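Fold and geometry: a report
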Amino acid sequence: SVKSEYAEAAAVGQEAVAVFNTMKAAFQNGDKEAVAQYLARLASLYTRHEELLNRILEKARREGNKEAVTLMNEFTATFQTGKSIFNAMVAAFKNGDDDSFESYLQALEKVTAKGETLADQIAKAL
Ligand SMILES: OCc1cccc2c1OCCO2
């Protein structure tokens, strides 16, 4: 169902959170080789989460679940804010700008933490 497909997507989001927090530790420790690999892993995870989210939104629409569509439109928009911050973080790493990297890293943390009250709302609406 769309509800099990959303729990699958929720798990992929949790995986990115787990990898994000080991990446943050690696950045702080100056282990740049690990950061590089973790950032590639996060990209692949965020790409996947976004595809599951689009499929879920398209399905809620075909199902006429107005509330779930509203919530998923709001959630997909904020997901894109996070993705832009992520891409900027990645660019900061390539550039060697640790000041920008730290900034974007803190910003992504807060965009994702906010999005959780909506994430939890979607689960109950689908
Ligand atoms: O819960 C997932 C989530 C919520 C809010 C913002 C996000 C995000 O994941 C990718 C980056 O941006």
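Reading the values: rules and limits
- Residues numbered from 1 in each chain as written, not as in the entry; some residues may be left out.
- Heavy atoms only, no water.
- Near = heavy atom within 4 Å.
- Polar contact = N/O pair within 3.5 Å; in protein donor to acceptor, adjacent residues only side chain to side chain.
- Areas by Shrake-Rupley, 256 points an atom, 1.4 Å probe, with all protein chains shown as cover.
- Helix = DSSP H or I, 4+ residues; strand = E, 2+ residues; numbered from the N terminus.
- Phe/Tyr/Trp six-rings, centres within 6.5 Å; stacked < 30°, edge-to-face > 60°.
- Buried < 20%, exposed > 50% of the residue type's maximum accessible area, 1.4 Å probe, protein only.

Within the PDB entry, the label attached to the protein chain reads De novo designed ABLE protein, and the organism entered is synthetic construct. The title attached to this entry in the PDB is "PanDDA analysis group deposition -- Crystal structure of ABLE in complex with ZINC000004271832".

Side note on the site of the ligand
Residues in contact with the ligand, as listed here, are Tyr46, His49, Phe75, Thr78, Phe79, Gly82, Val111, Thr112 and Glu116. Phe79 places a polar main-chain atom, nitrogen or oxygen, 3.4 Å from an oxygen atom of the ligand. Between the ligand and the protein, one listed contact pairs an oxygen atom with a side-chain N or O atom of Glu116 at 3.0 Å. About the coverage of the ligand: the protein hides 94% of its 310 Å² of free accessible area. Looking at the shell around the ligand, the elements with two or more residues in it are helix 2 (32-63), helix 3 (66-95) and helix 4 (98-125). When residues of the shell around the ligand are assigned to their parent elements, the largest contribution, four residues, is made by helix 3.

Focus on the packing of aromatic side chains
Applying the stated criterion across every chain, the model contains three aromatic pairs. A ring pair is formed by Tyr46 and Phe86, whose centres lie 5.0 Å apart and whose planes are at 85 degrees; its orientation type is edge-to-face. Of this pair, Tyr46 sits in helix 2 while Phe86 sits in helix 3, and the two are 40 residues apart along the sequence. Assessed through its relative accessible area of 16%, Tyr46 is described here as buried. On the basis of relative accessible area, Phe86 is assigned to the buried category, the value being 3%. Each ring, one from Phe93 and one from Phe101, has its centre 6.1 Å from the other, and the planes form 55 degrees; the classification is tilted. Overall, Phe93 belongs to the partly exposed group, its relative accessible area being 21%. What links up through ring pairs into an aromatic cluster is the set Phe27, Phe93 and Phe101.

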